[PDB]
>>> print(open('final25.txt').read())   # compact mmCIF, C-alpha atoms and all ligand atoms
# COMPACT_ATOMS: atom_id res chain seq x y z
CA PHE A 18 99.49 56.43 66.89
CA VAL A 19 103.28 57.16 67.08
CA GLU A 20 104.04 53.43 67.09
CA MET A 21 102.54 53.15 63.57
CA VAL A 22 104.36 56.13 61.99
CA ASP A 23 106.91 55.06 59.41
CA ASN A 24 105.78 51.41 59.44
CA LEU A 25 105.95 51.15 55.61
CA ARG A 26 109.00 50.46 53.47
CA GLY A 27 109.71 49.70 49.83
CA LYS A 28 111.77 50.27 46.73
CA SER A 29 110.70 52.51 43.85
CA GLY A 30 108.17 50.72 41.64
CA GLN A 31 108.00 47.63 43.87
CA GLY A 32 105.19 48.76 46.19
CA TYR A 33 104.90 49.54 49.89
CA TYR A 34 105.05 46.77 52.46
CA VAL A 35 104.37 46.44 56.18
CA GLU A 36 105.81 43.84 58.60
CA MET A 37 103.39 41.12 59.74
CA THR A 38 103.49 37.94 61.83
CA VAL A 39 101.62 34.81 60.93
CA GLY A 40 101.23 31.55 62.91
CA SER A 41 102.23 30.32 66.39
CA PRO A 42 105.09 30.90 67.13
CA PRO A 43 105.12 34.11 65.01
CA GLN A 44 106.64 34.00 61.54
CA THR A 45 107.73 37.46 60.32
CA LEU A 46 106.93 38.42 56.74
CA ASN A 47 107.00 41.65 54.72
CA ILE A 48 103.57 42.10 53.15
CA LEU A 49 102.63 44.48 50.35
CA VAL A 50 99.81 46.89 51.27
CA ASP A 51 97.23 46.73 48.47
CA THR A 52 93.99 48.73 48.45
CA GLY A 53 93.18 47.28 44.99
CA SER A 54 92.68 43.66 46.10
CA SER A 55 90.99 41.77 48.95
CA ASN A 56 92.99 38.57 49.64
CA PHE A 57 95.65 38.08 52.26
CA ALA A 58 98.05 35.88 50.23
CA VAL A 59 101.60 34.83 51.19
CA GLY A 60 104.44 32.84 49.66
CA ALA A 61 104.34 29.37 51.23
CA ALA A 62 107.09 27.68 49.17
CA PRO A 63 110.77 28.35 48.49
CA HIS A 64 110.48 30.44 45.33
CA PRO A 65 114.04 31.69 44.68
CA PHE A 66 113.02 35.39 44.57
CA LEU A 67 111.68 35.23 48.13
CA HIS A 68 113.62 36.16 51.28
CA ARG A 69 111.22 34.05 53.30
CA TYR A 70 107.88 32.24 53.19
CA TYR A 71 105.07 30.96 55.39
CA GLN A 72 105.88 27.50 56.72
CA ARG A 73 102.52 26.07 57.78
CA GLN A 74 104.09 22.93 59.28
CA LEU A 75 105.64 25.14 62.04
CA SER A 76 102.35 26.75 63.13
CA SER A 77 100.24 25.14 65.86
CA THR A 78 97.34 27.50 65.23
CA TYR A 79 97.14 26.84 61.47
CA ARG A 80 93.84 25.43 60.17
CA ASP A 81 93.36 23.98 56.73
CA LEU A 82 90.18 25.04 54.92
CA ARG A 83 90.74 22.22 52.40
CA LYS A 84 90.04 24.50 49.47
CA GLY A 85 92.31 25.68 46.67
CA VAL A 86 92.31 29.02 44.87
CA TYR A 87 93.49 29.88 41.37
CA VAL A 88 93.87 33.51 40.29
CA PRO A 89 94.85 34.57 36.76
CA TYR A 90 95.08 38.29 36.11
CA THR A 91 96.14 40.94 33.56
CA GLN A 92 99.89 40.76 34.28
CA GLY A 93 100.29 37.22 35.74
CA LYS A 94 98.84 34.43 37.92
CA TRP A 95 99.00 32.89 41.37
CA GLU A 96 97.55 29.79 42.93
CA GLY A 97 97.40 28.55 46.50
CA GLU A 98 95.79 26.77 49.41
CA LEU A 99 93.24 28.39 51.73
CA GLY A 100 93.49 28.20 55.53
CA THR A 101 93.35 30.35 58.66
CA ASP A 102 95.95 31.33 61.27
CA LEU A 103 96.68 33.93 63.91
CA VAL A 104 97.94 37.21 62.44
CA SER A 105 99.44 40.35 63.95
CA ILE A 106 101.12 43.59 62.89
CA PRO A 107 104.06 44.46 65.21
CA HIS A 108 103.91 48.15 64.26
CA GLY A 109 100.15 48.22 64.28
CA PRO A 110 97.51 47.87 66.98
CA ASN A 111 98.33 45.51 69.85
CA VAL A 112 96.00 42.71 68.73
CA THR A 113 96.04 39.21 67.24
CA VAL A 114 93.28 38.09 64.87
CA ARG A 115 92.27 34.82 63.16
CA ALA A 116 92.38 35.57 59.46
CA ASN A 117 92.05 33.81 56.14
CA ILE A 118 95.44 33.15 54.47
CA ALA A 119 95.98 32.03 50.92
CA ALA A 120 99.23 30.02 51.03
CA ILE A 121 100.74 30.68 47.58
CA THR A 122 102.12 27.49 46.04
CA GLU A 123 102.64 28.49 42.42
CA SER A 124 102.90 31.83 40.64
CA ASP A 125 103.94 33.54 37.41
CA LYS A 126 104.97 37.22 37.29
CA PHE A 127 103.52 37.82 40.78
CA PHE A 128 106.60 38.19 42.99
CA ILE A 129 109.25 40.70 41.99
CA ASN A 130 112.88 39.58 41.51
CA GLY A 131 114.74 41.96 43.84
CA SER A 132 111.97 43.08 46.24
CA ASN A 133 111.81 42.63 49.97
CA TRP A 134 108.18 41.40 50.27
CA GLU A 135 106.71 37.90 50.29
CA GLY A 136 102.92 38.40 50.29
CA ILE A 137 100.03 40.81 49.70
CA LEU A 138 97.50 42.32 52.16
CA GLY A 139 94.39 42.97 50.13
CA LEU A 140 92.58 45.82 51.90
CA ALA A 141 89.58 46.17 49.54
CA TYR A 142 86.17 44.51 50.07
CA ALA A 143 84.90 40.87 50.05
CA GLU A 144 83.15 41.20 46.67
CA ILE A 145 86.44 41.03 44.71
CA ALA A 146 88.00 38.40 47.00
CA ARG A 147 89.09 35.12 45.34
CA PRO A 148 87.47 32.69 44.91
CA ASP A 149 84.31 34.43 46.17
CA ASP A 150 82.88 36.92 48.68
CA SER A 151 82.58 34.21 51.36
CA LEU A 152 86.36 34.52 51.94
CA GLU A 153 86.37 37.26 54.58
CA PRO A 154 89.12 39.86 53.96
CA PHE A 155 91.75 40.60 56.61
CA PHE A 156 90.46 44.03 57.67
CA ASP A 157 86.91 42.73 58.03
CA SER A 158 88.26 40.08 60.39
CA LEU A 159 90.28 42.67 62.29
CA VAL A 160 87.18 44.83 62.88
CA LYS A 161 84.96 41.86 63.82
CA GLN A 162 87.41 40.37 66.39
CA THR A 163 88.70 43.56 68.05
CA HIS A 164 87.72 47.13 68.96
CA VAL A 165 89.87 48.48 66.16
CA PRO A 166 87.84 51.28 64.54
CA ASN A 167 86.73 50.50 61.01
CA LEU A 168 89.22 52.64 59.16
CA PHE A 169 92.81 52.98 58.08
CA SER A 170 94.88 55.73 56.51
CA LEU A 171 97.91 55.74 54.25
CA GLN A 172 100.79 58.19 53.85
CA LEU A 173 102.94 57.05 50.97
CA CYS A 174 106.07 59.22 50.85
CA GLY A 175 108.28 58.08 47.96
CA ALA A 176 112.05 58.72 48.20
CA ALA A 187 116.09 54.08 45.93
CA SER A 188 114.19 53.34 49.15
CA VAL A 189 110.69 54.64 49.94
CA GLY A 190 108.73 54.84 53.16
CA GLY A 191 105.40 55.73 54.61
CA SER A 192 102.80 55.10 57.29
CA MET A 193 99.75 52.86 57.53
CA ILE A 194 97.70 54.03 60.50
CA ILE A 195 95.33 51.19 61.35
CA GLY A 196 92.17 52.17 63.21
CA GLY A 197 92.67 55.92 62.86
CA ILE A 198 94.21 59.15 61.71
CA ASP A 199 97.47 60.89 62.72
CA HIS A 200 97.07 64.65 62.16
CA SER A 201 100.81 65.30 61.93
CA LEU A 202 100.88 63.36 58.64
CA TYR A 203 98.95 66.08 56.77
CA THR A 204 98.36 69.83 56.58
CA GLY A 205 95.17 71.78 55.85
CA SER A 206 91.87 69.92 55.91
CA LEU A 207 90.80 66.45 54.91
CA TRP A 208 88.26 66.44 52.05
CA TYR A 209 86.09 63.38 51.60
CA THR A 210 84.70 61.63 48.52
CA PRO A 211 82.04 58.89 48.80
CA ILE A 212 82.94 55.24 48.24
CA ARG A 213 80.47 54.63 45.41
CA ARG A 214 80.34 50.93 46.03
CA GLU A 215 82.17 48.63 48.42
CA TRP A 216 84.19 46.29 46.16
CA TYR A 217 87.28 48.12 45.04
CA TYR A 218 87.58 51.55 46.62
CA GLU A 219 85.61 53.08 43.80
CA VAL A 220 85.17 56.83 43.56
CA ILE A 221 83.86 59.27 40.97
CA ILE A 222 85.97 61.90 39.21
CA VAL A 223 83.76 64.76 38.02
CA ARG A 224 86.21 67.06 36.25
CA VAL A 225 89.85 67.13 35.14
CA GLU A 226 92.14 70.11 34.62
CA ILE A 227 95.64 70.47 33.21
CA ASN A 228 97.03 73.77 34.55
CA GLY A 229 93.49 74.96 35.34
CA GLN A 230 92.43 74.12 31.77
CA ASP A 231 89.35 71.93 31.75
CA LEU A 232 89.66 68.87 29.49
CA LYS A 233 85.93 69.39 28.73
CA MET A 234 85.15 65.72 28.21
CA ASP A 235 81.86 64.11 29.17
CA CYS A 236 82.69 63.24 32.79
CA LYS A 237 81.45 59.64 32.31
CA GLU A 238 84.64 59.11 30.31
CA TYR A 239 86.69 59.83 33.45
CA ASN A 240 85.05 56.85 35.16
CA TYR A 241 84.71 54.38 32.27
CA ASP A 242 84.20 51.74 33.50
CA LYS A 243 85.54 52.41 37.01
CA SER A 244 87.70 54.81 38.98
CA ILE A 245 89.64 53.40 41.96
CA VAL A 246 92.16 54.32 44.62
CA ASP A 247 94.88 51.64 44.47
CA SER A 248 98.06 51.61 46.52
CA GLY A 249 99.06 48.46 44.57
CA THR A 250 99.41 50.34 41.28
CA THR A 251 102.36 52.59 40.56
CA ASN A 252 100.93 54.81 37.84
CA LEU A 253 98.10 57.22 37.47
CA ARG A 254 96.12 55.19 34.92
CA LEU A 255 93.47 56.91 32.78
CA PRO A 256 90.91 55.50 30.32
CA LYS A 257 92.22 55.47 26.74
CA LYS A 258 90.17 58.46 25.59
CA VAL A 259 90.95 60.53 28.71
CA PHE A 260 94.65 59.66 28.46
CA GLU A 261 94.61 60.79 24.82
CA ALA A 262 93.13 64.18 25.67
CA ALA A 263 95.34 64.53 28.79
CA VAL A 264 98.60 63.89 26.94
CA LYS A 265 97.59 66.31 24.18
CA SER A 266 97.09 69.09 26.76
CA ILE A 267 100.29 68.20 28.64
CA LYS A 268 102.20 68.34 25.33
CA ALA A 269 100.75 71.80 24.65
CA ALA A 270 101.47 73.13 28.17
CA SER A 271 105.11 71.95 27.95
CA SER A 272 106.04 73.34 24.50
CA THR A 273 109.32 74.91 25.78
CA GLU A 274 111.12 71.57 25.19
CA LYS A 275 110.13 68.76 22.78
CA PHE A 276 109.84 65.00 23.43
CA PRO A 277 109.42 61.86 21.27
CA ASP A 278 106.04 60.12 21.07
CA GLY A 279 107.52 57.12 22.94
CA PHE A 280 108.08 59.11 26.15
CA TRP A 281 104.37 59.85 26.62
CA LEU A 282 103.53 56.24 25.83
CA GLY A 283 105.99 54.94 28.44
CA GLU A 284 108.29 53.41 25.79
CA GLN A 285 111.47 55.41 26.57
CA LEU A 286 112.92 57.84 29.15
CA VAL A 287 114.02 61.48 29.11
CA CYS A 288 117.14 62.82 30.87
CA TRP A 289 118.64 66.04 32.29
CA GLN A 290 121.74 66.99 34.23
CA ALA A 291 121.70 66.54 38.02
CA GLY A 292 119.60 69.22 39.77
CA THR A 293 118.78 71.10 36.56
CA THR A 294 115.43 69.39 35.86
CA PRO A 295 112.89 72.03 34.74
CA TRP A 296 109.73 71.24 36.74
CA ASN A 297 108.27 74.65 35.88
CA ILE A 298 107.63 73.77 32.22
CA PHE A 299 105.37 70.86 33.26
CA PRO A 300 101.75 71.44 34.26
CA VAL A 301 99.92 70.55 37.43
CA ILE A 302 97.10 68.01 37.01
CA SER A 303 93.84 68.45 38.96
CA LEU A 304 91.16 65.84 39.53
CA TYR A 305 87.85 67.00 40.96
CA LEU A 306 86.07 64.35 43.01
CA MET A 307 82.47 63.96 44.06
CA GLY A 308 82.10 65.67 47.44
CA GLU A 309 80.00 64.66 50.42
CA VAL A 310 77.10 67.03 49.62
CA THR A 311 74.74 67.35 46.62
CA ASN A 312 76.28 69.56 43.89
CA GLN A 313 79.53 69.96 45.94
CA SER A 314 82.97 68.81 44.76
CA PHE A 315 86.58 69.29 45.74
CA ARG A 316 89.85 69.04 43.85
CA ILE A 317 93.17 67.34 44.35
CA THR A 318 96.19 68.62 42.43
CA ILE A 319 99.55 66.96 41.72
CA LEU A 320 102.87 68.26 40.47
CA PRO A 321 105.25 66.80 37.86
CA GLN A 322 107.30 65.51 40.80
CA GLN A 323 104.43 63.00 41.22
CA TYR A 324 103.98 61.98 37.53
CA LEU A 325 107.64 62.13 36.37
CA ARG A 326 109.30 59.36 38.38
CA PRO A 327 113.06 58.84 38.77
CA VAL A 328 114.51 55.83 36.98
CA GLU A 329 117.75 54.81 38.70
CA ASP A 330 118.20 51.49 36.84
CA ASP A 337 118.81 62.38 36.49
CA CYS A 338 116.40 60.53 34.16
CA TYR A 339 112.61 60.02 34.37
CA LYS A 340 109.65 57.91 33.24
CA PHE A 341 106.18 59.33 32.42
CA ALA A 342 104.01 57.70 35.08
CA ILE A 343 100.60 58.42 33.53
CA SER A 344 99.44 55.63 31.22
CA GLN A 345 96.40 54.32 29.34
CA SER A 346 93.96 51.77 30.78
CA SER A 347 91.07 49.56 29.79
CA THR A 348 90.15 48.83 33.42
CA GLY A 349 89.10 52.43 34.31
CA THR A 350 90.92 55.21 36.17
CA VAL A 351 93.44 53.95 38.71
CA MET A 352 94.67 56.46 41.28
CA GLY A 353 97.93 54.73 42.15
CA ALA A 354 101.14 55.81 43.84
CA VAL A 355 101.46 58.80 41.51
CA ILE A 356 98.30 60.26 43.08
CA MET A 357 98.62 58.81 46.58
CA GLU A 358 102.17 60.15 47.15
CA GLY A 359 100.80 63.72 47.07
CA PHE A 360 98.32 63.08 49.87
CA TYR A 361 97.39 61.52 53.15
CA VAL A 362 94.58 59.19 52.23
CA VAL A 363 91.96 58.14 54.72
CA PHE A 364 89.97 54.99 53.98
CA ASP A 365 86.98 55.72 56.21
CA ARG A 366 85.13 52.43 55.73
CA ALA A 367 82.83 53.16 58.73
CA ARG A 368 81.34 56.06 56.74
CA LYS A 369 81.82 54.75 53.18
CA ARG A 370 84.18 57.56 52.20
CA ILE A 371 87.74 58.40 51.35
CA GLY A 372 89.55 61.48 52.59
CA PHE A 373 92.36 63.41 50.95
CA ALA A 374 94.62 66.00 52.58
CA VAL A 375 97.94 67.46 51.48
CA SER A 376 100.71 65.17 52.68
CA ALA A 377 103.34 66.44 55.14
CA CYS A 378 105.95 64.37 53.22
CA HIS A 379 105.08 64.93 49.53
CA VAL A 380 107.83 66.03 47.17
CA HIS A 381 107.50 69.64 46.01
CA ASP A 382 109.50 72.79 45.24
CA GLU A 383 109.43 76.47 46.24
CA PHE A 384 106.85 77.51 43.60
CA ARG A 385 104.09 74.86 43.74
CA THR A 386 102.58 72.41 46.23
CA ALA A 387 100.23 69.48 45.91
CA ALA A 388 96.87 70.84 46.99
CA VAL A 389 93.46 69.78 48.21
CA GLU A 390 90.90 72.55 47.77
CA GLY A 391 87.15 73.13 48.02
CA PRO A 392 84.26 73.47 48.02
CA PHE A 393 83.33 73.82 44.37
CA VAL A 394 79.97 73.71 42.66
CA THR A 395 79.57 70.90 40.12
CA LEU A 396 76.20 69.76 38.74
CA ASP A 397 75.13 66.27 37.57
CA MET A 398 77.92 64.54 39.49
CA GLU A 399 75.84 61.31 39.63
CA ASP A 400 75.83 61.17 35.80
CA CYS A 401 79.64 60.80 35.81
CA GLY A 402 79.46 57.22 37.10
CA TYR A 403 79.37 54.34 34.64
CA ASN A 404 76.50 51.85 34.66
CA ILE A 405 76.46 48.40 32.98
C1 LIG B 1 94.13 38.53 44.47
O1 LIG B 1 94.88 38.59 43.23
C2 LIG B 1 95.64 39.72 43.00
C3 LIG B 1 96.18 39.95 41.74
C4 LIG B 1 96.95 41.10 41.49
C5 LIG B 1 97.22 42.04 42.49
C6 LIG B 1 98.08 43.32 42.23
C7 LIG B 1 99.57 43.14 42.41
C8 LIG B 1 100.13 41.87 42.50
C9 LIG B 1 101.51 41.74 42.65
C10 LIG B 1 102.32 42.85 42.70
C11 LIG B 1 101.78 44.13 42.64
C12 LIG B 1 102.59 45.27 42.67
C13 LIG B 1 103.69 45.37 41.81
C14 LIG B 1 104.47 46.52 41.79
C15 LIG B 1 104.16 47.57 42.64
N1 LIG B 1 103.12 47.46 43.44
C16 LIG B 1 102.34 46.37 43.49
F1 LIG B 1 101.29 46.36 44.35
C17 LIG B 1 100.40 44.25 42.48
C18 LIG B 1 97.87 43.88 40.83
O2 LIG B 1 97.10 45.09 41.00
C19 LIG B 1 97.06 45.35 42.34
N2 LIG B 1 96.48 46.43 42.84
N3 LIG B 1 97.59 44.41 43.09
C20 LIG B 1 96.69 41.79 43.75
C21 LIG B 1 95.91 40.65 44.01
>>> encode(input="final25.txt", output="structure tokens")
Amino acid sequence: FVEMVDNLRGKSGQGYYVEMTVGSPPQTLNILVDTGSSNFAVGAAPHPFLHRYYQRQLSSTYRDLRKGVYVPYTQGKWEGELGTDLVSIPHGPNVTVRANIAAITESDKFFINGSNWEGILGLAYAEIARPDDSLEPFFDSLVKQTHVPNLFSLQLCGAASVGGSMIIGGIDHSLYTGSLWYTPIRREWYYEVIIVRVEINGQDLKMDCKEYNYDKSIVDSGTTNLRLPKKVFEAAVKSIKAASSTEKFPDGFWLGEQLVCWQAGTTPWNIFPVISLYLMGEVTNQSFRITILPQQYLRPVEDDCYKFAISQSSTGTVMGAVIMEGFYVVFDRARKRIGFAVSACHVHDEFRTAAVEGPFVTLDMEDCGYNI
């Protein structure tokens, strides 16, 4: 899959995007890769932040579905017009599919002033598609219309320009070391998983594990932070504070309300703890653990200073870029599971590495999931 290596680009905090073509003749667009949503949705009007946009009038293969879509959300809204067209991925498999496209005609706080992308590829499942699960997601269409195996993997590398790989239809073993460890996709809507235990420097937080997944835990390439439920965040910060007593920091830093700075190349990673999440394993009573360094949760702010990239949530646990940048992540849809291996590109130092380890014995893992 050499042709797909390094097919992702981005800027810090603005997401990872892949090049796509839409319409006939092909219109090239940069499209954000989002495992936390399920619509393929592209700018279709000359919004001043956009480098380019889908011009339906120029596409012979375009088909109007004569339906609108309106999507408010936590941090903004978009609206648009549903249709289909021929879609390809130049640095992907050599195929062209007929996919649903939401042509975005109005938005608020959706596009980023300064970014180099113009749409979103929602890679999650039909159930959370807008307006409803009848709007077939892109990857479902890809699998139905081609022999592309039903899986994709992501290597998000970080550093200010970032890069990575989306391997569509498979796995490239040079992008990770050690073994892949798999967690079950609990339900096919978001990529929901179950976290069964949490450690800060080997120290168990000792919370009821249902709190780790209240009301949801997901793997989301479209979220920057590691986001934790309010209660879990509270306990986690308290233990991180304790473990890092050597220096002191204002309450605003932990809350993501201000930054903290050092001199160039003198940053003291060693006084910050590793964070370990144990995930439900493939077998009854078996778990495994993924561990990240402060290089994953203390993120450079250029516009050496750093922001604390763990934050509180009311939507559940969100394993965003902070987690994903430590690992090669395999979205093995064919087998309803997600694999984690140590990433060949993750940022580390001479003392500590991001790690994926197992097996461990963990009882009552099913009880850690939230039910309505
Ligand atoms: C279908 O409607 C939506 C609404 C919001 C999204 C976002 C989204 C929309 C726009 C931008 C971004 C974004 C911003 C910064 C960095 N990375 C991103 F993915 C994220 C929000 O959460 C996730 N996972 N995707 C996707 C689809």
>>> atom_distance(input="final25.txt", atom1="atom CA of residue 167 of chain A", atom2="atom CA of residue 97 of chain A")
28.4 Å
>>> residues_around(input="final25.txt", residues="residue 93 of chain A", least_positions_apart="3", cutoff="10 Å", atoms="only C-alpha atoms", output="VMD selection string")
chain A and resid 88 to 90 124 to 128
>>> residues_near_point(input="final25.txt", point="(88.5, 26.1, 55.2)", cutoff="10 Å", atoms="all atoms listed in the file", output="PDB file with C-alpha atoms, keeping the file's coordinate frame")
ATOM      1  CA  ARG A  80      93.840  25.430  60.170  1.00  0.00           C
ATOM      2  CA  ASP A  81      93.360  23.980  56.730  1.00  0.00           C
ATOM      3  CA  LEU A  82      90.180  25.040  54.920  1.00  0.00           C
ATOM      4  CA  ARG A  83      90.740  22.220  52.400  1.00  0.00           C
ATOM      5  CA  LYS A  84      90.040  24.500  49.470  1.00  0.00           C
ATOM      6  CA  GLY A  85      92.310  25.680  46.670  1.00  0.00           C
ATOM      7  CA  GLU A  98      95.790  26.770  49.410  1.00  0.00           C
ATOM      8  CA  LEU A  99      93.240  28.390  51.730  1.00  0.00           C
ATOM      9  CA  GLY A 100      93.490  28.200  55.530  1.00  0.00           C
ATOM     10  CA  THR A 101      93.350  30.350  58.660  1.00  0.00           C
ATOM     11  CA  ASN A 117      92.050  33.810  56.140  1.00  0.00           C
ATOM     12  CA  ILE A 118      95.440  33.150  54.470  1.00  0.00           C
ATOM     13  CA  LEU A 152      86.360  34.520  51.940  1.00  0.00           C
TER      14      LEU A 152
END
>>> closest_residue(input="final25.txt", among="A:42, A:148, A:175, A:53", to="residue 25 of chain A", atoms="all atoms listed in the file")
A:175
>>> closest_atom_pairs(input="final25.txt", of="chain A", to="ligand LIG 1 (chain B)", cutoff="6 Å", atoms="only C-alpha atoms and all ligand atoms", output="tab-separated table")
residue	atom	partner	partner_atom	distance
A:30	CA	B:LIG1	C15	5.2
A:31	CA	B:LIG1	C15	4.0
A:32	CA	B:LIG1	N1	3.7
A:51	CA	B:LIG1	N2	5.7
A:53	CA	B:LIG1	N2	4.0
A:54	CA	B:LIG1	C21	4.9
A:56	CA	B:LIG1	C1	5.3
A:88	CA	B:LIG1	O1	6.0
A:90	CA	B:LIG1	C3	6.0
A:127	CA	B:LIG1	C9	4.8
A:247	CA	B:LIG1	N2	5.7
A:249	CA	B:LIG1	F1	3.1
A:250	CA	B:LIG1	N2	5.1
A:251	CA	B:LIG1	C15	5.7
>>> closest_residue(input="final25.txt", among="A:283, A:277, A:205, A:139", to="residue 254 of chain A", atoms="all atoms listed in the file")
A:283
>>> closest_atom_pairs(input="final25.txt", of="segment 86-157 of chain A", to="segment 62-74 of chain A", cutoff="10 Å", atoms="all atoms listed in the file", output="JSON lines")
{"residue": "A:100", "atom": "CA", "partner": "A:73", "partner_atom": "CA", "distance": 9.5}
{"residue": "A:102", "atom": "CA", "partner": "A:73", "partner_atom": "CA", "distance": 9.1}
{"residue": "A:118", "atom": "CA", "partner": "A:71", "partner_atom": "CA", "distance": 9.9}
{"residue": "A:120", "atom": "CA", "partner": "A:71", "partner_atom": "CA", "distance": 7.3}
{"residue": "A:121", "atom": "CA", "partner": "A:62", "partner_atom": "CA", "distance": 7.2}
{"residue": "A:122", "atom": "CA", "partner": "A:62", "partner_atom": "CA", "distance": 5.9}
{"residue": "A:123", "atom": "CA", "partner": "A:62", "partner_atom": "CA", "distance": 8.1}
{"residue": "A:124", "atom": "CA", "partner": "A:64", "partner_atom": "CA", "distance": 9.0}
{"residue": "A:128", "atom": "CA", "partner": "A:66", "partner_atom": "CA", "distance": 7.2}
{"residue": "A:129", "atom": "CA", "partner": "A:66", "partner_atom": "CA", "distance": 7.0}
{"residue": "A:130", "atom": "CA", "partner": "A:66", "partner_atom": "CA", "distance": 5.2}
{"residue": "A:131", "atom": "CA", "partner": "A:66", "partner_atom": "CA", "distance": 6.8}
{"residue": "A:132", "atom": "CA", "partner": "A:66", "partner_atom": "CA", "distance": 7.9}
{"residue": "A:133", "atom": "CA", "partner": "A:68", "partner_atom": "CA", "distance": 6.8}
{"residue": "A:134", "atom": "CA", "partner": "A:67", "partner_atom": "CA", "distance": 7.4}
{"residue": "A:135", "atom": "CA", "partner": "A:67", "partner_atom": "CA", "distance": 6.0}
{"residue": "A:136", "atom": "CA", "partner": "A:70", "partner_atom": "CA", "distance": 8.4}
>>> atom_distance(input="final25.txt", atom1="atom CA of residue 313 of chain A", atom2="atom CA of residue 209 of chain A")
10.9 Å
>>> closest_residue(input="final25.txt", among="A:278, A:329, A:365, A:235", to="residue 170 of chain A", atoms="all atoms listed in the file")
A:365
>>> residues_around(input="final25.txt", residues="residue 289 of chain A", least_positions_apart="6", cutoff="9 Å", atoms="all atoms listed in the file", output="ChimeraX atom specification")
/A:295,337-339
>>> build_atoms(input="final25.txt", residues="segment 76-87 of chain A", atoms="N, CA, C and O atoms", output="short mmCIF file (atom, residue, chain, number, x, y, z; two decimals), keeping the file's coordinate frame")
data_model
loop_
_atom_site.label_atom_id
_atom_site.label_comp_id
_atom_site.auth_asym_id
_atom_site.auth_seq_id
_atom_site.Cartn_x
_atom_site.Cartn_y
_atom_site.Cartn_z
N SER A 76 103.36 25.97 62.42
CA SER A 76 102.35 26.75 63.13
C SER A 76 101.32 25.84 63.78
O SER A 76 100.62 25.10 63.10
N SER A 77 101.21 25.94 65.11
CA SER A 77 100.24 25.14 65.86
C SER A 77 98.82 25.64 65.67
O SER A 77 97.86 24.89 65.83
N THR A 78 98.67 26.91 65.30
CA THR A 78 97.34 27.50 65.23
C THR A 78 96.77 27.43 63.81
O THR A 78 95.62 27.77 63.59
N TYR A 79 97.57 26.94 62.87
CA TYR A 79 97.14 26.84 61.47
C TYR A 79 95.95 25.91 61.32
O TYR A 79 95.92 24.85 61.91
N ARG A 80 94.98 26.30 60.49
CA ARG A 80 93.84 25.43 60.17
C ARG A 80 93.62 25.38 58.67
O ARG A 80 93.50 26.40 58.01
N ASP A 81 93.54 24.17 58.14
CA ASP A 81 93.36 23.98 56.73
C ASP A 81 91.88 24.16 56.42
O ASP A 81 91.04 23.66 57.15
N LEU A 82 91.57 24.90 55.37
CA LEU A 82 90.18 25.04 54.92
C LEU A 82 89.88 24.02 53.82
O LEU A 82 88.75 23.92 53.37
N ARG A 83 90.90 23.28 53.39
CA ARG A 83 90.74 22.22 52.40
C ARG A 83 90.06 22.74 51.14
O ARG A 83 89.18 22.10 50.57
N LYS A 84 90.48 23.92 50.72
CA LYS A 84 90.04 24.50 49.47
C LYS A 84 91.23 25.16 48.79
O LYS A 84 92.10 25.73 49.45
N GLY A 85 91.29 25.05 47.47
CA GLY A 85 92.31 25.68 46.67
C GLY A 85 91.79 26.98 46.07
O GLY A 85 90.58 27.24 46.08
N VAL A 86 92.70 27.80 45.57
CA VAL A 86 92.31 29.02 44.87
C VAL A 86 93.27 29.25 43.71
O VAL A 86 94.47 29.03 43.84
N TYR A 87 92.72 29.67 42.59
CA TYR A 87 93.49 29.88 41.37
C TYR A 87 93.12 31.27 40.87
O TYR A 87 91.94 31.55 40.69
#
